Structure formats: C-alpha cells, structure tokens
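Novice: missing the sequence, but the structure's below:
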Ligand SMILES: Nc1ncnc2c1ncn2[C@@H]1O[C@H](COP(=O)(O)OP(=O)(O)OC[C@H]2O[C@@H](O)[C@H](O)[C@@H]2O)[C@@H](O)[C@H]1O
C-alpha cells in the first residue's frame with residue numbers, strides 16, 4: 001500500500017533527492033552486505049556512523065541517525081539502529097523488528113517537525129527526500145521480508161517507501 005517495489009540496485013544514481021534507509025548494528029561495523037557497499041562509496045558517512053556508535057554504542061537501539069553521503073548532495077543515509085552486533089551475533093528477530101519500528105518512528109517525527117550531522121550539508125527540506133531502502137533485515141539479520149514489510153505498512157498515511165529488490 002505505502003510500499004512501492006522496484007527492481008534493481010539501490011546505489012545506481014537517481015536524479016531526485018533521497019534518503020537511503022539501512023538497518024545497522026550499534027558496534028560501528030559497516031562490515032558486510034549493503035553497509036559495506038555504503039562504506040566503500042561514502043567513507044565520510046561511515047566515519048560519522050562509527051563516531052556515533054563509539055559515543056553511544058548499544059544505547060542507540062531503536063533510534064536512527066541521518067547522515068550526508070558527502071559524495072552526492074542528493075543522497076542521505078538513514079541508519080536504523082536495530083541490533084547490538086552485526087554478523088552471526090545479531091539480535092533476535094522480534095528485537096530487530098521492534099527496533100525497526102521505533103527507529104522508523106523517530107524518522108517520521110523528524111520529517112514532520114537524529115539530525116546533528118546534517119548541519120550545513122542538507123540541501124533541501126528534510127521532507128523533500130524520498131525514502132528508499134533495500135529489503136532491510138532480510139540478509140545478514142535473517143528476518144523474513146514479510147515481517148519487516150508489515151512494520152513498514154503500519155506507517156501507511158504517514159510515510160511512503162520505495163523498496164528495491166534485486
Ligand atoms: N545495492 C543493493 N541494492 C539493493 N538491494 C541490495 C543491495 N545490496 C544488498 N541488497 C539486498 O538487501 C538485503 C539486505 O542487505 P544486508 O546488508 O544483508 O542488510 P540486513 O539484512 O538489514 O543486515 C544488516 C547488517 O548487515 C549490514 O548491512 C549492517 O552492518 C548490519 O550489520 C540483501 O539480502 C540483499 O538482497
């Protein structure tokens with residue numbers, strides 16, 4: 001309903017401004033999967049993510065932070081902090097799903113009005129960015145996509161997402 005599915009790689013450039021939403025661990029490790037791709041392409045955004053993880057660590061769970069990509073003023077990154085650790089040590093499915101909802105709720109709040117690193121780098125009003133994501137939680141975090149999709153659909157009327165499927 002509020003989700004629009006598209007086929008392809010989310011990192012292929014888009015002419016419109018957007019926020020790339022990615023589910024993250026709190027341990028400062030963009031180590032694998034799509035996070036690693038973000039670390040290679042946007043290393044200054046990675047440095048911000050590591051800095052926040054080092055300052056607050058696992059107390060970030062259920063929050064999100066918005067980061068400039070730095071390389072493209074039409075691209076921001078939204079980290080959803082949904083697991084203390086990445087890889088095999090990631091959290092249990094229900095924990096990740098609850099943190100995914102709470103973090104998406106901070107994003108919705110911020111768009112209606114998390115943004116410390118956007119100072120001086122935000123090109124447009126934060127509401128003008130389209131919300132896009134891969135199938136978050138369904139790779140390294142092991143959560144069936146249908147269960148995340150329901151979480152997304154709870155924000156019907158408040159937020160719309162474009163979800164990329166390879
Ligand atoms: N450019 C890409 N474009 C579109 N979809 C992609 C892309 N890369 C991966 N995907 C899809 O998105 C799914 C989720 O990617 P993951 O990186 O495995 O993310 P997630 O399941 O949310 O686990 C997050 C964990 O892994 C790291 O990304 C992060 O550090 C965190 O610890 C993958 O299974 C994959 O199918």
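Specialist: That came in fine, so what should we check first? Residues are numbered from 1 along each chain as shown.
Novice: Does the ligand have contacts with whichever helix in the chain runs longest?
Specialist: Looking across the chain with DSSP state H, the single longest helix is helix 93-112. No - judged by C-beta under 6 Å from any ligand atom, helix 93-112 makes no contact with the ligand; its nearest approach is 8.3 Å. For every residue, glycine as well, the C-beta is placed using N, CA and C.
Novice: and the very next helix or strand once past that helix, which residues are buried?
Specialist: Downstream of helix 93-112, the first helix or strand assigned by DSSP states H and E is strand 130-133. Buried residues in strand 130-133, counted by 16 or more other C-beta atoms under 10 Å: 131-133.
Novice: What is strand 130-133 packed up against?
Specialist: strand 18-25, strand 161-165 (3 or more C-beta pairs under 8 Å, 6 or more residues apart in numbering; DSSP states H and E).
Novice: if you compare those, which one is most tucked away?
Specialist: strand 18-25 (a mean of 25; mean count of other C-beta atoms under 10 Å).
Novice: got the angle between the following helix or strand past that strand and strand 161-165?
Specialist: Downstream of strand 18-25, the next assigned helix or strand under DSSP H and E is helix 33-41. Here helix 33-41 runs at an angle of 100 degrees relative to strand 161-165 (axes from the mean of the first three to the mean of the last three C-alpha atoms, to 10 degrees).
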